[PDB]
């Protein structure tokens, strides 16, 4: 029913598209990514950050979207940010195509991620198991080579 898309780019060669589909507010959101230009054979963090603000590049996206005030985790963790989409897997060409079904992310209602930002990170998300404050906030997934605002799609 509701469809959204982020076209990500940044101060890097990482580009691509992240789409979102959600039938109703209570339904899972299906998230597809199609990323190119990343490091090969890598695990790279991908998160929804709070602000769809690109005024100062991907930095103004702010932190991970966390309406429920949880610690950073894996998508499979109960204690995760809404925006915690884990690591995407890049192939030998630095590309990553994938789909996930997310049970926290909404396109509908007060916690909608429409208008927020998808960030593809430079590093691996430690999924909140890094044992430091930074892990519980960001997963230590490194800088932000590409981001894009989640917009309404046809």
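Numbering follows the first chain given and starts at 1.
Q: Between 125-133 and 53-61, name whichever shows the higher mean Cα B factor according to the PDB entry.
A: The entry gives the higher C-alpha B-factor average to 125-133.
Q: Which is higher on mean Cα B factor in this entry, 112-120 or 29-37?
A: Mean B over CA atoms: larger for 29-37.
Q: Could you place residue 43 in the lowest, middle or highest third of its chain by Cα temperature factor, using the values in the record?
A: CA B-factor rank for residue 43: middle third.
Q: Of the three thirds of its chain by CA temperature factor, lowest, middle or highest, which one includes residue 1?
A: Ranked within chain, residue 1 CA B lands in the highest tercile.
Q: Going by what the PDB entry lists, where does residue 101 fall on CA B-factor within its chain: lowest, middle or highest third?
A: Lowest third of the chain for residue 101's C-alpha B-factor.
Q: Name the third of the chain's ranked CA B-factors that contains residue 92, choosing lowest, middle or highest.
A: Highest third of the chain for residue 92's C-alpha B-factor.
Q: Lowest, middle or highest third of the chain for the C-alpha temperature factor of residue 19?
A: Its C-alpha B-factor, which the entry lists for residue 19, ranks in the lowest third among residues of this chain.
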